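Residue numbers (the authors' numbering): -2 to 153, 162 to 410, 413 to 432.
Note that the Cβ used here is the ideal one computed from N, Cα and C, for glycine as well.
This report refers to the structure that appears directly beneath it.
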Amino acid sequence: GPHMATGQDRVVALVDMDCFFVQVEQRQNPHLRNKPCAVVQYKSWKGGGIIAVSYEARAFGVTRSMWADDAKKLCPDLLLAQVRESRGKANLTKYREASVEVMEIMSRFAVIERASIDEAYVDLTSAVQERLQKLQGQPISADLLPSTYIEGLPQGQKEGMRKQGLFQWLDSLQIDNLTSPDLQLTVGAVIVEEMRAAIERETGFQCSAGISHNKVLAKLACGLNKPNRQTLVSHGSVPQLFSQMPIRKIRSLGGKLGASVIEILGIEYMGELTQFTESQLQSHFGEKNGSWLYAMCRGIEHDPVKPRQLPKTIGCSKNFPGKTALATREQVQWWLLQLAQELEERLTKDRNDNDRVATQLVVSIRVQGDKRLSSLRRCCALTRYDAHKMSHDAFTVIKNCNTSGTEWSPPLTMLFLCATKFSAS
DNA sequence: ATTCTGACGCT
Ligand SMILES: Nc1nc2c(ncn2[C@H]2C[C@H](O)[C@@H](COP(=O)(O)NP(=O)(O)OP(=O)(O)O)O2)c(=O)[nH]1
Ligand SMILES: [Mg+2]
Ligand SMILES: [Mg+2]
């Protein structure tokens, strides 16, 4: 009753760019705009692996993790843009720099947690208060929410339903109560519209947004109405929302843990978790997960918006599947050098931009036939931004995996250098 | 033979 907290204290938004790499390519090459198009890596093996698909191409069934040669079978007019290759590997620089454009705009409005290359979380709690005070009891007009969906509304053409649902919501709002959580989400949603307009005016990129009370619901909400739309998931929309929402759709339940929840408990949808006591959930899934499941299926999550705009690591990786696996000493050195040279270029730029230095170098490898994704992971000290030292140090730290009696055995199916443990500079 | 990352938990 009066003492059960409900997790309505914060306003949090999740903003995610629509088909991000495709839009980066469509801004640069106007011929790709408004066409079925995808972004690939490499081109020789089945036309390249697709990692970004425009919404026009998706109408034909083109998805991520698909080979371009297969996508062409579904979509014969599909236009492909290729990630830049450097030193024999894919080079994601253009998208990381495009991401920085976006993150810097978002950060003018509020503190953001960079959650991926194309998405950040936003804590709007303070911005909403400041804004609620400025409005001075003034009602909120649908004109301020031109692209907002209210989840679960209307109740009782797509743009027609959106406006109906928005009118119903706005009509019910108690505008004189500066502490009502629904009012705060609505105001949060006004700011997100502003944030999304500034991103498009200043980058040309379009995006979607989720507006709710915590990071997990904002993320879920963000996908309900992509593309170029934002969605407000209110505390009261949760029971209906979760009653048919598959467990796997919730961030962090998409894998094994969500599968064990499904299998142990004999359930399918998020809302079914509410029938289990916290202790029961803790008993099956641990004290942390259990507490987090007991609260999450009621729409409650306390994970904070971390004030972190920059990555914590900087990493370079290349897979070597199949017969291309590295089998010689010279080969493993040349690719450590290729990896280290990109890492160095990235690091020197990070130091100059962000006033910091990485202090630890992590080397990860895979050998052929090793079931695991990493056959080994070892760290050494990262004392100089010198590619030749880093690659040499990576070799020193993995050379005892070779079993050869100049040859390399087992052949390596993955090299991976990561710079970590940043310190101010 | 999607590949290339990046966060964060567990022990
Ligand atoms: N190298 C690599 N890049 C990837 C991979 N997956 C995605 N990317 C790249 C390409 C993606 O643009 C971006 C991740 O953004 P998302 O939210 O996952 N997808 P998007 O923005 O395309 O579509 P929408 O958000 O509208 O659903 O990173 C991958 O496995 N590998
Ligand atoms: Mg995206
Ligand atoms: Mg994303």
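For residue i, three-class secondary structure by DSSP
i	result
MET1	coil
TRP64	strand
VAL80	coil
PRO232	coil
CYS406	helix
residue 446	The chain is shown only over -2 to 432; residue 446 falls outside these bounds and no answer can be derived.
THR333	strand
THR145	strand
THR401	helix
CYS227	helix
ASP176	helix
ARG371	strand
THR364	strand
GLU306	coil
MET250	coil
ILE204	helix
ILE267	helix
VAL8	coil
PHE17	helix
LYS317	coil
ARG256	coil
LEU188	helix
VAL97	helix
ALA124	helix
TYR52	helix
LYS43	coil
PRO418	strand
residue 161	There are no atomic positions for residue 161 here, as the chain continues from 153 directly to 162.
Best match in the options for proximity to residue i [C-alpha to C-alpha]
i	options	result
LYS91	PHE18, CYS34, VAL50	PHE18
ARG334	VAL195, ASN405, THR427, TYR118	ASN405
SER288	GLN314, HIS240, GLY276, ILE269	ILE269
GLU22	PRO136, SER96, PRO151	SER96
residue 158	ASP308, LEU419, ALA426, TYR52	Structure remark: the chain lacks residues between 153 and 162, so residue 158 is without coordinates.
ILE272	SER284, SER257, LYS224, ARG253	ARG253
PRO309	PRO(-1), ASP6, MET1	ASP6
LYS43	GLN25, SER380, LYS69, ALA54	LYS69
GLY134	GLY153, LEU121, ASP181, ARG167	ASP181
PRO33	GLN126, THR60, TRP297	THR60
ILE204	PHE106, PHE172, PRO27	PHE106
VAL9	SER239, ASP358, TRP64	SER239
residue 160	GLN25, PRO73, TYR52, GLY46	The model of the chain omits the segment between 153 and 162, and residue 160 is among the residues lacking coordinates.
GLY209	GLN20, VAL402, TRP415	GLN20
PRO244	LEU237, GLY304, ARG234, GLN189	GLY304
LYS328	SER113, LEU419, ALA431, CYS321	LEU419
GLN280	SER265, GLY263, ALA300	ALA300
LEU315	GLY276, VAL37, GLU110	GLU110
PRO151	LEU222, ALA56, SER242	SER242
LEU141	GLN189, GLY149, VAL197	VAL197
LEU381	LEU424, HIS393, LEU352, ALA117	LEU424
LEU188	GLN126, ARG234, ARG206, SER432	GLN126
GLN249	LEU237, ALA264, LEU278, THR236	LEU278
Residue i burial status per 10 Å Cβ neighbour count (16 or more: buried)
i	result
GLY295	buried
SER177	exposed
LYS376	exposed
residue 412	In this structure residue 412 is absent; the chain steps straight from 410 to 413.
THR191	buried
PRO326	exposed
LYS86	buried
residue 156	Between 153 and 162 in the chain the model has nothing, and residue 156 is one of the residues in that span.
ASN219	buried
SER379	exposed
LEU366	buried
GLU101	exposed
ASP358	exposed
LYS224	buried
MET166	exposed
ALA56	exposed
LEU246	buried
residue 412	Between 410 and 413 in the chain the model has nothing, and residue 412 is one of the residues in that span.
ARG206	exposed
Cβ separation of residue i and residue j, assumed to be a contact under 8 Å, to the nearest whole Å
i	j	result
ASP115	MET14	4 Å
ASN88	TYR146	The pair is not a contact, with the Cβ atoms about 37 Å apart (cut-off 8 Å).
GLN343	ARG84	4 Å
residue 156	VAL119	No coordinates exist for residue 156; the numbering of the chain passes from 153 to 162 with nothing in between.
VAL37	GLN79	6 Å
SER430	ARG361	6 Å
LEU422	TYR390	The Cβ separation is near 19 Å, so there is no contact.
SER144	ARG256	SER144 to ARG256, Cβ: 23 Å. No contact.
Can you list the residues near ligand 2, meaning Cβ strictly closer than 7 Å to any non-hydrogen atom, in the order they appear in the chain? Taking every residue with its beta carbon within less than 7 Å of a heavy atom belonging to ligand 2 gives, in chain order, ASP13, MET14, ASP15, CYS16, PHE17, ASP115, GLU116.
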